[PDB]
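Undergrad: Just passing along the structure, written as structure tokens.
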Amino acid sequence: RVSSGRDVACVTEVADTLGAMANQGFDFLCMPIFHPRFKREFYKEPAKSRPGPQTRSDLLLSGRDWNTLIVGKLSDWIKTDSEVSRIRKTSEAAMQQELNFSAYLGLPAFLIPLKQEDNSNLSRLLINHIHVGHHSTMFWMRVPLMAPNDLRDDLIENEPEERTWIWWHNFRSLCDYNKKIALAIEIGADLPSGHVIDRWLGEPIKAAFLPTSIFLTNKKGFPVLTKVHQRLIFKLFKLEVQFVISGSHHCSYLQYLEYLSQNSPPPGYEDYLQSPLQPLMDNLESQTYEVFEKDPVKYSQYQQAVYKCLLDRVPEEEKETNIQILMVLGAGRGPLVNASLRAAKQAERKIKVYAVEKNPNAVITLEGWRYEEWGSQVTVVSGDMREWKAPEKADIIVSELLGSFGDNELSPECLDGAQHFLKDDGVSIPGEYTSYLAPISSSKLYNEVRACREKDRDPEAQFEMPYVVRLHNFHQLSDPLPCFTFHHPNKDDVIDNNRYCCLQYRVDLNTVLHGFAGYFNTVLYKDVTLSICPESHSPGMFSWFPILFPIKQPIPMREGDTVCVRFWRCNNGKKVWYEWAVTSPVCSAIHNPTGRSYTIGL
Amino acid sequence: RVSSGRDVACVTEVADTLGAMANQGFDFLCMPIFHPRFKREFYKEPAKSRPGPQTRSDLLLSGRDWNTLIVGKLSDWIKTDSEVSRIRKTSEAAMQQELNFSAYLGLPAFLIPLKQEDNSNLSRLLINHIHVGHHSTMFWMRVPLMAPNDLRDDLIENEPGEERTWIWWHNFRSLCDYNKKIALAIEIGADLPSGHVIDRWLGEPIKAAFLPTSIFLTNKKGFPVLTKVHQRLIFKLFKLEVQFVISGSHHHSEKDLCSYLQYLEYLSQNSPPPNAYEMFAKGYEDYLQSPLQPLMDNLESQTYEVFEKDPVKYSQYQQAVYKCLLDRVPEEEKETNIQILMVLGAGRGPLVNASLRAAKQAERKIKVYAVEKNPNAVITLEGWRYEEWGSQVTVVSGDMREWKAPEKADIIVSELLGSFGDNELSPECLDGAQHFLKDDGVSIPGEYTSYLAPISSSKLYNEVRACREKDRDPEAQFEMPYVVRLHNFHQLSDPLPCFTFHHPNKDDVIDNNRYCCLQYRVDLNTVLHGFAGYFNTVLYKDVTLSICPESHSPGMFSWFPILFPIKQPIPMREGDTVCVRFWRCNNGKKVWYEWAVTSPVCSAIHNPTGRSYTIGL
Ligand SMILES: Nc1ncnc2c1ncn2[C@@H]1O[C@H](CSCC[C@H](N)C(=O)O)[C@@H](O)[C@H]1O
Ligand SMILES: Nc1ncnc2c1ncn2[C@@H]1O[C@H](CSCC[C@H](N)C(=O)O)[C@@H](O)[C@H]1O
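If you read the sequences in order, they're chains S and B.
Numbering (the UniProt record's numbering) for the first sequence: 8 to 167, 178 to 267, 274 to 290, 299 to 633.
Numbering (the UniProt record's numbering) for the second sequence: 8 to 167, 177 to 633.
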């Protein structure tokens, strides 16, 4: 509901200003804890021996107020990266002094502006302050979307976009992507391109500063922003960031912000990052199935597949004399079986149903429909499809053992064991599925994986295992290439699910390789498909999240380079895992060798 | 003694071939454990159901003979990186078969040749076999210094650069994550690459060198003789103490195989005498230790003995006192002027004696104060005191920063210099000892300056990477300096002056907190692994000591260089610039360094707040 704050240059009376901005509709206040003009000496007499208080004490406000209402502001005269040695020293002392005072008050946030590209010494002092005890203080980095020198007016006759991004990137990289360090963007009269904007939005923005001078005066003397500025506020709305109003009153600009909200264009697993589920190794929970059974697209296509499958193997003269044997391999809690029954009667054709399941907890749900809805036509079998002896061969087998990478849930291994009781002319649904790989760049997802270090194991094990991610959390560097492919029923001379391939991609830009995004598509029956590939309008695009294969050493690359990735799929009879390595432009180490970090049961 | 082996193409009778090559002078035999022509099927009948043994039994030799005399050879028909799926799948099964059997025999080493650039699938199969328990078997990767296509005779009309095979080995070892069980077995051809290329080869863990019988020239007497080009390569291999392997038929000369071994023994006893080497020998060659802290810790007597082994430091310091005396007391004050000299950090003696003899050489009278904080060293100091020196030398036990001198000094002499100059906290010690120095007093050394240079060393990096200790930050090893050697790394640019300290420091407010940005231009395509640290110092006027790379001042063998590693190695192109931010911090209780790379790629600040490395007091 639009949380807003007020940025002031100087406060003559704290108690009065707080109530004044409260009546305006502001939630918090960005104020300096030291007077912005009150410069001080630390080394040279007699200015060093200056008597009196350094600033107003902590007893002006309650502890509750300092922790909720006040956002501290660093003095602007402090320049920790000044080329002047004396000034650099003084700033270092002043930097530590104000950082320590902000933590003493228990401030929730502290503003530190970046006014140049070189903020090396600042980052050094900041991460030092964070490491030395003091905590629970978020650090908002005031960084303008455009440099002040790029927004000035062309008034100098002898001196007539990616700039400020380097300011933030270099500082954050130097600070090793510390969690206590967020971003506070400042919006100028001119905005960067749409792509650059989206890149800023990927950064942990906690506040957005709105200068009072970027607002236009309407016909009735009311503040108004351009559509260019408006679209940015719309993107900032769905990030739930706070807005800070800075500048002179010449103050209910919040009305226009609420106006832009109440009437905002319509559209939370976006941050979500965990390891892929293993239905074959683990008995899923009822709450887990419900998520899978919450997508109608998967239900529709699986119904349309069985629909067309019957129509292509039994004519009208056998419409009631031919009874097909349909087996639901991995029935789950019902939906797949009900989809077949809703497909058989849709185009009148008689079927004999066998519903198998290894999960006993799901069998109970299956045997609920068995004696309340389905009947005797649907036979319930409790066990593994690879060890169960069927007393009758099947015309059709329907299964949904597909993961984010297609075969990562060991669909091939399962269907290969259930292939023996399939008729010679039998049709398997799905018929085939293909995994895809695409080189990506995500400093966000990398540091997110980097923080997944667990004790009592390999400190780098988190980099040698796949993760289920989201599309917008990374920038795809090249179009996905087909990785592995499995088709059922497998009429190969011998069934070997061990695979290997070398995929190459062309680097068009200058970026950093952080890993590989994994997608997949499948063919249930002819014409009926399910796909999650990016550039594909095929249905099922919201049925699976993309997978991510991280890399240990991020690879900075120039444009004109090539990325060859070696990818293995291994099967030692007990476990199935993936091994991967980069061989261009530089050779990395083979990730997850012998499944030392990641394996999939059976 | 030169250990050597024999590479055979095939063996009919094993017991016969062993005794045959044993009397030739060999110490081991490089033979295949499976017949090189015995290509086998695994996935298709009727060839799949092949009866009989796959190869000869293990009962032919004892365990002792298998463990010490035999180096297994992988079959050449096994091509696990063929673009044909049927060939690859067959080779993969064949690869695992011979590997598991070689480990079953307890073989000390196993030969696997690299014949192309793409050995990705080979790496996967190899590091697997190492990880499934079977170890203790060294893996000799046979890689020729020159590609077979580059050594063939130009005999084709329609089909008429030397770092080609280096990529074969480098890509393979990198894919194998620089595994400890994987070594290099170079194969020497008729043509040799550049000397710098060779020097890069020798940096790798070479365990063996293959000497074909076809590279030997037949002398006018009929004896096998190597060319002078090859002889220099053999000489370099001698000091690496690698083993030599003779491959091919001895019927290229009029003599037998033993003559090839006698020639190598001949070159060994006629090999050039090593100097500019042997300092480190034998050796501090792979020296990777943390810098000693004589201030936070009391050195052992053995440790002092090492520092006192360099006559250069003794001479230069003696020369410094020599010149300093003559400059501050004239000839007419040859006996009426007694110079008050103080040896701050006397150690076991040397600096005190070097000052006494410098007084006799200059014919000047000095009153000596020998101060030391190490109680154990003071015991040694009071030995010289009550046997040799006398009452002219006053031995003081304590810290120079806390000691209250009852008499100001004309000259203070100290040797608190580390590999990086100030890494042993020489400034802090002298600053706290500056007060009892006269207003016109001279400090030895008068000044010193540290230097930094961007380097490349996959060798040193992986050594640091293995320095992960339990119960601490798993990346802490990359955030601390190491004392290393020059030949273990390749400098990418000339070193720049880092921090400078002069004594006595006459600044207004004495601060040892330092910061600088050093920029270097890259002229090659290489990988940044860290920064080398050197230092130079001025004892007295014109009398200096330095360990800087291209320094003409003495002291090049007085200190090993230091290394500041990096967490994420940076692959760089030529034309790129390398800006490094370097900090020296002093919080009153600890002193440490913080460094970060801001070009071409912006890294993170290493050792922030001295979380991984500090220096006492
Ligand atoms: N070998 C086997 N035998 C019997 N049932 C199996 C099996 N392997 C898997 N299953 C069943 O098949 C079901 C797979 S549910 C898979 C959901 C899918 N990955 C999605 O994201 O939508 C599970 O309920 C499991 O119990
Ligand atoms: N503050 C202090 N007070 C007194 N003695 C000190 C001191 N700091 C160091 N010393 C002494 O000075 C000696 C320095 S030995 C240094 C060896 C030199 N870095 C080299 O590698 O060649 C030590 O024996 C130590 O005991």
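Beta carbons are placed, not taken as given, at the ideal position from N, Cα and C, and that holds for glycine.
#1: What does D438(B) touch in chain S if you count any residue whose Cβ is under 7 Å from its own?
#2: Give me the residue from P209(B), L311(B) and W147(B) with the minimum Cα distance to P115(B).
#3: List, in chain order, every chain S residue whose beta-carbon is nearer than 7 Å to that of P511(B).
#4: Output yes if chain S places a C-beta closer than 9 Å to the C-beta of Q584(B); else output no.
#5: What does the Cβ neighbour count give for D510(S), buried or exposed, with the cut at 16 atoms within 10 Å?
#6: Closest to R149(S) by C-alpha separation, out of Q104(S), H141(S) and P228(S), would be which residue?
#7: Output needed for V617(S): all residues of its chain with C-beta closer than 7 Å, excluding positions within five of it in sequence on either side, in chain order.
#8: Which of helix, strand or coil does DSSP assign to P228(S)?
#9: Taking only runs of the alpha helix (DSSP H) that begin and end inside the segment 379-434 of chain S, which ones reach a length of at least 4 residues, in chain order?
#10: When every heavy atom of ligand 2 is checked, does at least one fall within less than 8 Å of the C-beta of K389(B)?
#11: Mind listing the chain B neighbours of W599(S)? Cutoff is C-beta to C-beta under 7 Å, in chain order.
#12: So, is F573(B) buried or exposed, given that buried needs 16 or more other C-beta atoms within 10 angstroms?
#13: On the three-state DSSP scale, how would you describe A449(B)?
#14: Would you mind stating whether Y464(S) and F517(S) have Cβ atoms separated by less than 9 Å?
#15: By the 10 Å Cβ neighbour count, where 16 or more other Cβ atoms means buried, how is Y303(S) classified, buried or exposed?
#16: Which residues bound the alpha helix (DSSP H) around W184(B)?
#17: What does the alpha-carbon distance come out to for the pair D272(B) and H246(B)?
#18: Find the nearest neighbour of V78(S) within the set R47(S), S92(S) and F35(S), judged by alpha-carbon distance.
#19: For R600(B) versus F505(B), is the C-beta distance shorter than 9 Å?
#20: According to DSSP, simplified to helix, strand and coil, what is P565(S)?
#21: So with CB distances below 7 Å, who are the chain B contacts of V139(S)?
#22: Can you pull out the residues from the segment 587-613 of chain S whose beta carbon lies closer than 8 Å to at least one beta carbon of chain B?
#23: Does the count of Cβ pairs from the segment 333-350 of chain S and the segment 411-429 of chain S closer than 8 Å reach three?
#24: Residue range of the alpha helix (DSSP H) that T87(S) falls in?
#25: May I ask you to list, following chain order, the residues of the segment 487-504 of chain S that have a beta carbon less than 7 Å from some beta carbon of chain B?
#26: Would you kindly work out how many angstroms separate the C-alpha atoms of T181(B) and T630(S), rounded to a whole number?
#27: Counting only Cβ pairs nearer than 7 Å, list the residues of chain B close to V617(S).
#28: Cβ of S466(B) versus every heavy atom of ligand 2: is any distance shorter than 8 Å?
#29: Hey, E52(B) and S82(B): beta-carbon distance below 9 Å or not?
#30: State the start and end residues of the unbroken alpha helix (DSSP H) segment that holds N369(B).
#31: Whose Cβ in chain B lies nearer than 7 Å to the Cβ of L191(S)?
#32: Chain S partners of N74(B), CB-CB under 8 Å?
#33: Please classify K339(S): does DSSP put it in a helix, a strand, or coil?
#34: On the CB-based measure, 16 or more other CB atoms within 10 Å of its CB, does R488(B) come out buried or exposed?
#35: What number of angstroms, rounded off, separates the C-alpha of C533(S) from the C-alpha of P288(S)?
#36: Within 9 Å of any Cβ in chain S, is that where the Cβ of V150(B) sits?
TA: Taking the coordinates as given:
#1: Within the second sequence, numbered from 1, the residue matching residue 438(B) stands at position 422. Correct list: empty, because the minimum Cβ distance to chain S is about 18 Å.
#2: Along the second sequence, read from residue 1 onward, the residue named residue 115(B) stands at position 108. Of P209(B), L311(B) and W147(B), the residue nearest in Cα terms is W147(B).
#3: Mapped onto the second sequence, residue 511(B) falls at position 495. By Cβ distance, chain S contributes nothing, its closest Cβ being about 21 Å from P511(B), past 7 Å.
#4: The residue given as residue 584(B) occupies position 568 in the second sequence. Yes, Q584(B) counts as interfacial toward chain S.
#5: Translated into the one-based positions of the first sequence, residue 510(S) becomes position 479. Classification of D510(S): exposed, given that the 10 Å Cβ count is below 16.
#6: Along the first sequence, one-based indexing puts residue 149(S) at 142. Of the candidates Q104(S), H141(S) and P228(S), the one whose C-alpha sits nearest the C-alpha of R149(S) is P228(S).
#7: For the purposes of this step, residue 617(S) is taken as residue 586 along the first sequence, with counting starting at 1. So the list reads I586, once near-sequence residues are dropped.
#8: Numbered from its first residue, the first sequence carries residue 228(S) at position 211. Three-state result, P228(S): strand.
#9: 391-400
#10: Taking the first residue of the second sequence as 1, we reach residue 389(B) at position 373. Under cutoff, so the answer is yes.
#11: As a working note, residue 599(S) is residue 568 in the first sequence. Those are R131, listed as they occur along chain B.
#12: Your numbering for residue 573(B) matches position 557 in the second sequence. Looking at its Cβ environment, which holds fewer than 16 other Cβ atoms inside 10 Å, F573(B) is exposed.
#13: Here the question's residue 449(B) lines up with position 433 in the second sequence. Three-state result, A449(B): coil.
#14: Within the first sequence, the letter at position 433 stands for residue 464(S). Within the first sequence, the letter at position 486 stands for residue 517(S). Going by C-beta atoms, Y464(S) is nearer than 9 Å to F517(S).
#15: Taking the first residue of the first sequence as position 1, residue 303(S) is located at position 272. It counts as exposed.
#16: Counting from 1 along the second sequence, the entry for residue 184(B) is found at position 168. Segment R180 to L191, the alpha helix (DSSP H) holding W184(B).
#17: Residue mapping note: residue 272(B) aligns to position 256 of the second sequence, counting from 1. Residue mapping note: residue 246(B) aligns to position 230 of the second sequence, counting from 1. Cα-Cα distance, rounded: 21 Å.
#18: For the purposes of this step, residue 78(S) is taken as residue 71 along the first sequence, with counting starting at 1. Ranking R47(S), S92(S) and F35(S) by Cα distance to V78(S) puts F35(S) first.
#19: For the purposes of this step, residue 600(B) is taken as residue 584 along the second sequence, with counting starting at 1. For the purposes of this step, residue 505(B) is taken as residue 489 along the second sequence, with counting starting at 1. Taking 9 Å as the Cβ cut-off, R600(B) and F505(B) do not qualify as a contacting pair.
#20: To locate residue 565(S), count along the first sequence from 1; it is residue 534. Correct three-state label for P565(S): coil.
#21: If you number the first sequence from 1, residue 139(S) lands on position 132. Here the neighbours are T625.
#22: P587, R589, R597, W599, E610 and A612
#23: yes
#24: Residue 87(S) sits at position 80 when you count from the first residue of the first sequence. It is not in any alpha helix (DSSP H) - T87(S) carries neither H nor E in the DSSP assignment.
#25: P490
#26: As a working note, residue 181(B) is residue 165 in the second sequence. As a working note, residue 630(S) is residue 599 in the first sequence. For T181(B) and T630(S), the distance between alpha carbons rounds to 35 Å.
#27: On the first sequence, residue 617(S) is found 586 positions in, with the first residue counted as 1. Ordered by position in chain B, the residues that pass the 7 Å Cβ test against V617(S) are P587.
#28: Residue mapping note: residue 466(B) aligns to position 450 of the second sequence, counting from 1. Checking the Cβ of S466(B) against ligand 2 gives no.
#29: The residue you call residue 52(B) lines up with position 45 of the second sequence. The residue you call residue 82(B) lines up with position 75 of the second sequence. In this structure, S82(B) does not lie closer than 9 Å to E52(B) by Cβ.
#30: On the second sequence, residue 369(B) is found 353 positions in, with the first residue counted as 1. Where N369(B) is concerned, the enclosing alpha helix (DSSP H) stretches over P366 to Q377.
#31: What you label residue 191(S) is simply residue 174 of the first sequence in a count that begins at 1. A612, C618, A620 and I621, listed in chain order.
#32: Along the second sequence, one-based indexing puts residue 74(B) at 67. Those within 8 Å of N74(B) in chain S number zero; the least Cβ separation is about 26 Å.
#33: Reading the first sequence from its first residue, position 308 is the one you call residue 339(S). The answer is helix: DSSP assigns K339(S) an H, G or I state.
#34: Residue mapping note: residue 488(B) aligns to position 472 of the second sequence, counting from 1. By the neighbour-count rule (16 or more Cβ atoms within 10 Å), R488(B) is not buried but exposed.
#35: In the first sequence, the residue the question calls residue 533(S) occupies position 502. In the first sequence, the residue the question calls residue 288(S) occupies position 265. Looking at the two C-alpha atoms, the distance is approximately 44 Å.
#36: Counting from 1 along the second sequence, the entry for residue 150(B) is found at position 143. By this cut-off, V150(B) is not an interface position.
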